[PDB]
Number of protein chains: 2
Amino acid sequence: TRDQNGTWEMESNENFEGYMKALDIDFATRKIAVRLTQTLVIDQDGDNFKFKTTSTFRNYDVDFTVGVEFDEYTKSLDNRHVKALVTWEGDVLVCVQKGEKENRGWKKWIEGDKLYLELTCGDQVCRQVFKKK
Amino acid sequence: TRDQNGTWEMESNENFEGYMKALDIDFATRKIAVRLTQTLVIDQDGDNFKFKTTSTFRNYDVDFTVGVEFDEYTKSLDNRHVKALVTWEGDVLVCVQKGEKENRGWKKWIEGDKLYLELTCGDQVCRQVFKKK
């Protein structure tokens, strides 16, 4: 069958490291790329192809209870150990990540249909906005 | 509202570069991480939270017609210019990527409900298998 239409979800990827190395892809890209999974959407009409490709990485779960301090290794990030405490301030979910970094934590809250997340470390603030699906 | 349940799809991400830099994340990780979009699935029961996070990157489209040579800049990979020719060999879709790299190309075919992709460059072969969704 020459009909390759569909959404295709990568189940295995063998020797992507060697292929990328043969293409002179640099070390630090290869270390990340080998952890990705790819989804391939093929829209084919006769001999006309459109290929659409998204690469995905599942991050480490986080489970916690508000008010119960917990140990967190930030493996998706800087891979440091912190002691996280999540509390409510009104409807704002507030987390302090005690550890090497000063003023490290985050705040999470809903407004309308958007979820706001503010990450802080040192004098830096990163503001993320999410839409509900 | 303290109910943060849902699937949440990142719409914006401001100063992730500075936050990651404050965490001493290395240059080449930061260059990739700033191109990601995150999807956050929150399962919340009272004050028990489970956070599940997937990071996604949309790659460059590829549109072609079998038998019609086309120019391809491999921006998702090594960012080289190749002249790609895609032909059928039976039900196997065969692509030669003429350019600097010797023996560069790929083969794509279906078997059952799986799509097989073999990437080649030099003496290296990378074998990918996809499941239909």
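Taking the residues in region A:69-88 that are in contact with a strand residue (DSSP E or B) (Cβ under 8 Å, 6 or more places away or on another chain) and assigned to a loop (DSSP other than H, G, I, E, B) as candidates, determine which candidate is nearest to B:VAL41 (Cα to Cα).
A:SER76
Which pairs turn up if I take residues in region B:22-36 that are more than 10 Å from B:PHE57 (Cα to Cα) and look for partners that are of a type in the set (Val, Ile, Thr) and not in a loop (DSSP other than H, G, I, E, B) with beta carbon separation below 8 Å, at least 6 apart in sequence or on another chain?
Within 8 Å, the pairs are B:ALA28/A:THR29; B:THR29/A:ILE32.
How many residues does region A:10-62 contain that are among the aliphatic types (A, V, I, L, M), closer than 24 Å to B:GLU100 by Cβ and either touching a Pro at 6+ places or on another chain (Cβ under 7 Å) or more than 7 Å from every other protein chain (Cβ to nearest Cβ) (or both)?
Summing the residues that are among the aliphatic types (A, V, I, L, M), closer than 24 Å to B:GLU100 by Cβ and either touching a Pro at 6+ places or on another chain (Cβ under 7 Å) or more than 7 Å from every other protein chain (Cβ to nearest Cβ) (or both) in region A:10-62 gives 3.
For residues that are under 21 Å from the mean Cα position of the chain (by Cα) and part of a strand (DSSP E or B), tally how many sit in region A:14-37.
So the answer is 1.
Six or more apart or on different chains, Cβ under 7 Å: which pairs go from a residue in region B:106-117 that's loosely packed, with under 14 Cβ neighbours inside 10 Å to one that's not in a loop (DSSP other than H, G, I, E, B)? Could you list them?
B:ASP113/B:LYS131; B:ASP113/B:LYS132
Here are some conditions: (1) surrounded by fewer than 16 Cβ atoms within 10 Å (Cβ to Cβ); (2) within 17 Å of the chain's Cα centre (by Cα); (3) not hydroxyl-bearing (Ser, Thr, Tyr). B:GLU11 meets all but one. Which one does it not meet?
It is condition (2) that B:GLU11 fails.
Any chance you could count how many residues in region B:112-133 are within 8 Å of chain A (Cβ to nearest Cβ), in a strand (DSSP E or B) and of a type in the set (D, E, K, R)?
Number satisfying all stated conditions: 4.
Only one of A:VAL34, A:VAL92, A:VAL68 is under 30 Å from B:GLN124 (Cα atoms), among the aliphatic types (A, V, I, L, M) and surrounded by fewer than 17 Cβ atoms within 10 Å (Cβ to Cβ); which?
A:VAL34
Every number in this text was worked out from the coordinates using simple rules, so none of it is lab data. Note that we place each Cβ from the backbone using ideal geometry, even for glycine, and neighbour counts take in every protein chain shown.
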